[PDB]
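Structure first, commentary second.
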There are 2 protein chains.
Amino acid sequence: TXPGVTXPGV
Amino acid sequence: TXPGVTXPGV
DNA sequence: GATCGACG
DNA sequence: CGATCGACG
């Protein structure tokens, strides 16, 4: 996720 | 699929 | 991070 | 055609 907590996705 | 019956996938 | 989202 | 298809941070 994110960042943070990428995306998703990427 | 295949082709035939792409891949999967692509 | 959370049973992750977006190319024949 | 196919089949709850399968493989970039």
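Residue numbers start from 1 in every chain, and the chains themselves are labelled A, B, ... in the order their sequence lines are given, proteins ahead of strands. Atoms considered below: every heavy atom in the structure, side chains included; atoms not considered: hydrogens, waters and symmetry mates.
Remark: the separation of the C1' atoms in C:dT3 and D:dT4 is 15 Å, to the nearest Å. Atom name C1', nucleotides C:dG1 and D:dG9: the rounded distance is 11 Å, in whole Å. If you take atom P in C:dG5 and the same atom in D:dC5, they sit 14 Å apart, rounded to whole Å. For C:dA6 and D:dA3, the P atoms lie 25 Å apart once the distance is rounded to whole Å.
In this structure, of D:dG2, D:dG9, D:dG6, it is D:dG9 that holds the atom nearest to the side chain of A:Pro8.
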